[PDB]
Each structure stands twice: as C-alpha cells, then as structure tokens.
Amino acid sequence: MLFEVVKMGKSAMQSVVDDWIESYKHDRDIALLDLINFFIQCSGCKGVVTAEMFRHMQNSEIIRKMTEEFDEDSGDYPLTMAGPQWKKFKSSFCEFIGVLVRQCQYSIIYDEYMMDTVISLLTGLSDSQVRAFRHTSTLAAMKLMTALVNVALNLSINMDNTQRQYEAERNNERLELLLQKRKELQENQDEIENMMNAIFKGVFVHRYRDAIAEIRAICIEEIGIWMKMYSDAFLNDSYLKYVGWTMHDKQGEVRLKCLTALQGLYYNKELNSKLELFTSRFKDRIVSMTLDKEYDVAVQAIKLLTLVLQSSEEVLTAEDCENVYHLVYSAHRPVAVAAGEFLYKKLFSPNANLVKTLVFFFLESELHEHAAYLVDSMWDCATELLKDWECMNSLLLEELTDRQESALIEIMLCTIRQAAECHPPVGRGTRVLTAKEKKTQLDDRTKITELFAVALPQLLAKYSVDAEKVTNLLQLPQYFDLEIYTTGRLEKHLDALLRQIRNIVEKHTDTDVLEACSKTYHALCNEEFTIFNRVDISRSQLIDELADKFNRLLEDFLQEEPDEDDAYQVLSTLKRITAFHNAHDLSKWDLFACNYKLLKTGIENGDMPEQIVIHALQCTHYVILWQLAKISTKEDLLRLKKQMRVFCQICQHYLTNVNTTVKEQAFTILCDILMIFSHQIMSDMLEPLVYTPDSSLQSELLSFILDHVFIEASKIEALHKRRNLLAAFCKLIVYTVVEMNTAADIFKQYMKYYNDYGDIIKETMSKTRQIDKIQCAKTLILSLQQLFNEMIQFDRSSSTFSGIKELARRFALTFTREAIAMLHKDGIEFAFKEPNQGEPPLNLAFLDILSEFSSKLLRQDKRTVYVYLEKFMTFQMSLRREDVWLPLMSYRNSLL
C-alpha cells in the first residue's frame, strides 16, 4: 500500500513516514517488509515479497525472483512515464525518502536493523541489469545519501556545541556526562560515515558511469547537492573529480548537470580555495563548453564563467574572455544574452564613457559590421545605457574620430529601432506585447521623437557628406510618432529636415542613400498626420526640380555624340528620379516619354551604359504601375495598355542584351508585370488590361532560367540573385501565367540542385499539386522523360541512370490514384513509343524508372494498369525473358 499511498498523492509525506515509524516501533519486521516492497514496486514491479522470502532468501535471490514476476506489459516503469501524475510521483517518492531518514536520525537510524537492510537492498537493485531496478534504486539511493549528509551535518554541529560545553567545564559530575555524550556522538558519526561509504562506493562509483545517461545525470546531480550542502566535508578534490570527468560526458543532459552543480558552489556563496584549484584545472574545458554542441549547456557554461569572474578575475585569460565576447554575435539569443551579461560585468562594471566603451568594443569586433545583434544581446542588462539617446546625441554634436562617429551612429540607430518596434532582430525572436512593455514603448517613442525632431536636422547637416552615416541617420523618422510634430510645436524643425534631405538627394548618387531619402519622405507624407501638406509641398517642389534637370539633360544627350561625362550626368539625375518614383506617385510628370525615348534609343544604338538602361527599365516599370494604381477615365485605361504592351516588348529585347545584369533586370521586371497583369486581376472588371505572353515570350523566359539559374569568395550573394530569379519564374508557373509543361525543365533539377534550389522547386511541385492533382503527375514524368533522353547521349544501367531512378523514388513519395494512373499511362506510352533491329523496343529501360511509381497503386488499379500495358506488350514479349528484357519483367512483377 505504501507505493500506492505515494502514487495517489493523497496525503502529505511527513504523516506517511510517521505512520511507518509507528509500525516500525510496534513490529519491526512487518514494517521493513512493507518498506522493501515499496522500493521494488516503485520500479513498476508487480511482484510482492512475502514474509517467508524476507526471513529466508537473500537479496540476490529476491531480486531474481522479482525479475521473474515483474509482470510488465511494456518496457515502461514509473520514473520514465510522463504526465503530471508521474512527475508528481517522482517528487513524492524522493520526499518520502528524505523525510523518512530525517525523522529517524536520532534513534532508529542507529539500530543495526533498518538502515542496513535498506542500504544492502538498494545496493543490490542498483546492480541489476533490469533497468527499472537499477534506475529506481539509484534514485532512491542518491536521495537516501543526501539525507545522510544532512544527518551528518547536524551531528557535527551537535558535536561542536557539546565540545564547547565540555571545555567550558574546565574548572564535576557534569563533566563525565559530557565526556560520555561526546563519545556517543562520535560513535554516531562513525556509524553514519559507514552508511555513507557503503552507498558511495557500492552505488555512486558505479552508477555515475552507467550506460544509461538518465542515470549518470541522477548521480552528478546529487553529488553537486552534497558539496553545496556540506562543503566542509565534501567540497574537495576527492569528490569534485567525478564532476570534472563527467564534464566530458558524450550526452548533453549529463554535461548540463555538471555545470549546474558547479554554479551551485559560487552562487550565492564564496569563496573556496579547493574549488578554485579545481576550476583552474578545468578552466580550458569550461570555456570550450561555451560552444557546446547543445546550446542549453553552452548558456550555463557562460553563466558559470560569469560567476567565476566574481570570486576572481585572473583565472580567465585575455583570449578566454575574447572567445566569450564573440558569442554576443551568436545566432541563438540565450547564449547571446548570457555572453552579453558576461561582457557587461567584464567591461562596463555619467554614461558617456560607457557609450564610448560600447563603441570601442563594436569597432574591435571583426564578426559583425552592424550593431543590431550586439545591441540585442545587451538589451536586458544595459537597458539604461542603451536608451540614453541624449548622451549618445551630445557626443556626435558638441565637441570623436570619424570611424567611431560612424560606429556610434549605427549603435544609436539600432537602440532606437529596438525601442521603437518592440521586438528583437531577425533570428532573435521567439511577442504579443504586455501592458507595461507598450507603456515603455510609447514612452520611448516620445523621447526619441522629441529629441530627434530637433536633433536630426543638425545631425544630417554635420554628416551629410558621408554616405554610410547619412543612410543610417535617415532611417530615424520612420521610428517616431508624428503627432508630436504639431502638438509639440516643432514644425520649423521639420522644414529644416526636409531641406537637409533635399540637399542630400541632390548631391548624392549612391543607391542606398537615395533609397533612404525616398523611403523617409514616404514616412513623412502620411496623410493622417496634419503635417502631410507641408511635406507634400516640398516633395512636389523637389521632384519639380528633378524632372526639369532630367529633360534639359535629355535634350543635349539624344542627338552631339555624348561621352562618359554626359552619361554620368544623366545617370545620376535619373537615379535620383527612379528611387523616388518607386515610393512616390510622380504621375503628374509624364515621365514615360523620357524613359521610353531613353530605352528605345538604347536598343537602336547598342551603346548605352548598363546603369542608365537598368534604372530606366526600373523607372518605366514604376510609371506604368503607378497609373494602374489609380483606376477614373476610360482613355486613361487604354493609354495604360499602350505603354504596358510596348514596355513588355522593350523588356524582351533587353533580355538578350549582351550585358548580364541588364538581362536579369529585364527578366525580373518582366516576371513582375506578367504577374501583375495576369488575369487574376479580377476581385472589378479590368478585363481589357490582361496580358498573356505569346509562346515566343514563354520560351524566351525559360531559356533565361536554364542559362542563368541552372549552371554549375562571396558567392552566396550570387546565389541570392539566382534564387530570386527562379522564384520569379515559378510564380508564373503556380499562378498559371505559363503552361505547367515548362515546370518539367525545372522539376528534373530538384536533386541535382537540391541545396541551391531544392525548397523553391519543392514548393513549386506542391503548389502545382493543389492546383491540378493529375497534370502535376503528368509533368513529373515528362521531367523523367527529358532526363532519359538526355542520357541517350542505349547501353548502361549507370551512375546517370541510378540518378534518374533515385529522383523517381522521390517523385513517387507524393503520388487519389487517378493521377498515378495517368502517370503510369504516359510512362508506358513513352516506353513503347519508339520501335527497334532484332527484337526490345527503344526506351524500354524507362520501365525500370517507372517501376519506382508502382508501389503507390492498388491491385484494382494495378491490373487496370496491366490491362493498359497488355495493349502494348505481346505474348512473345512476355516470353523472351533474358537478356535486355528485365525492365519489362520487373515492371510486370511490380504489378503482380
């Protein structure tokens, strides 16, 4: 019943122990037998030990007998089963052992009967090969020993007090009593040190290195507990060494326990010279664990190193701390933050010099060239410093090396962004934000706005010459509340801003700088804030200036043969325009005329700087899209299509342009427009607008993909471009802007280009499956067919051939069976498509490929398929078995 009482969780444990102690005093033997059974039954064993067995059998033959009548139906046992019922049982089980010992520690423990019995059994069971015994008894034994360490401790305290009493009486009969007592206590300690030595040498020594990792963890956990609870007796080399070794255990959970154990010997209490010699032996292995394969482990390794730092800063070297600092840039936020708190204590333990400290750190970092991840790592522990924008601002303005200025601008940007939008950077996320956190948000945004509405104009003024710096500063207004521009009486500063922006726009040619300007001017032109009109007026006036410099430049440019300087002029102004047309309406300037004349003049002569072509192509794309936004006349509607259809022609011409980045520019714009004017437009009738590519254009687009996407430093950048192009084409496929047959040339590349393109191809397959269960499976075969014909440049089952068959297996895994019917159908038609001389028909080997797809049939359909096969194969085809005919045999057995 004991097992049951602890299982049910019905009652508190001290009452269960006390009832057991009652009975132990009444009748020892019954109570000890009930206790034995408890430990056995906690292991899931259904057997029972009888009074007869108890009196007569030894533990060896009891355990054997209880392995026999274990009566298990699975391989489960209570300490492994999951759910709360059992998580509770485990803790109840360990409470019962701890409380039982402590209650007995003044009397019963020191009889020869109870403890000896229990220890000898647990030692026995912990030796069993039956895992449920070995595991349960080891847990029990570990808890039992922890309980003895506590008794041991109280004992030494009682000794000290008695000893002090004894010495005080050095001046009768009381003295002989104290001498007696002193002696009895000493006997008691020796007795306890025995039981401890029994358990430790009979159980721990073996079980900490158990084959099962859960068991090794159990052991290392308690040894940590012992050294923390009674450090004077256990915190020394002779016990720490087990933890030192197990730090090299091949299992994460076990390594994690080693680290938890050690942390317990620093927090909250210091300081031990024993512990610090140990820590010095194993320092190298500990810092190495900051890159443990398991990240949960690496967090605790850093946290331990942080604790080490306190007690003493000299155990760790320069290089050690440097290896930990690297982890601020980690992919995983927990190690990142943990390393961040390490960094904080090491180098940041009014604000100005700390802000300068962060700058120096970031600049000596050769792993990241932006601050978003460093800032996020520090977000929890240096939140006071990181949100001190007024300090950071003053350092950039009021009287410092330009590299540091650059860096500080960056960090400022990041702190601002992380406070504005209230989430970590990409890869650091996990919220749906709490009450207090969006209070802080609103606070932060206001402080940012109020400070930087005023400050930003002076910041731009000072740094406008520097491209990188400006791009950074220009991100700022996107982050602040704009009501505060009027209610805050700040409109004069806004005008200063728009002036600084416009001077930048005009003197800069860098794409990113201009992109920044445009995107910001778009944030400010929000017509739900009263400021819209003021800023709209300056937009209107800025673009008024841009277009007019463009026209004048275009007059002299297009007749006098212009040289590299005339081009750089055009180009620059065109870039300024294109950037802004992307974000902003600009319809009021019929800009198509200038770009079309620039594009069509481009094709005729063939010597037009790539960059001028590229941005023109972009610009026109934006002109056309912007008209399509505001659709309200019905001649505006047909004028649009005049421009649209002609632009698709120009794009198609530039798609064969000798220049590769021009090809790609044209292609992407093309793929965009085709998607935009794909007659999925309808949601209202814009039926005239629809564009469908002639088969001429479709083949043009596929040639591009095969030449430029499929063909085998920083080449990851080149891969990004390529995937982008691929997905641009696959969107045309899966929204049926193009015939699914084109996907054949793409599906065959799935295994050959699996890492570059695998997932884009896989998504393309599935998105085609939901669109048409069968013609997807038809195109899957045409793919395998195309691979087969390619191989034909008729004689080996080779590496190539094995390739197509492997791919065939992967296609088969997707396939209800009306499609697979159609698949086997077309595969058979292609197998017997061409005849031989001295007959097997050409293409017969394709049945060996097709045989990959026959698993996913049903015998009903298999014979339907067979009936379709017999319309091709003849009686003496069915009889000429070998050689060169095995594809036909194997495909036939595949069905039968």
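Residue numbers here begin at 1 and follow the sequence given.
Unmodelled stretch separating residue 399 from residue 400: 4 to 9 residues (count of deposited-sequence residues without coordinates). Counting the unmodelled positions of the deposited sequence between residue 430 and residue 431 gives a small gap of 1 to 3 residues. Higher average CA B factor: 632-640, of the stretches 632-640 and 390-398. The mean C-alpha temperature factor is higher for 600-608 when 600-608 and 804-812 are set side by side. In this entry, the residue among 191, 672, 95, 555 with the greatest C-alpha B factor is 555. Annotation for 546, 613, 219, 426: 546 ranks highest, by Cα B-factor.
Compared with the other modelled residues of the chain, the Cα B-factor recorded for residue 54 ranks in the highest third. Residue 289 sits in the lowest third of its chain by CA B factor, as recorded in the PDB entry. Per the PDB record, residue ranking by Cα B-factor puts residue 749 in the lowest third of the chain.
Among the modelled residues of the chain, residue 866 sits in the highest third by CA temperature factor in this PDB entry. Remark: residue 39 belongs to the lowest third of its chain, ranked by C-alpha B-factor as recorded.
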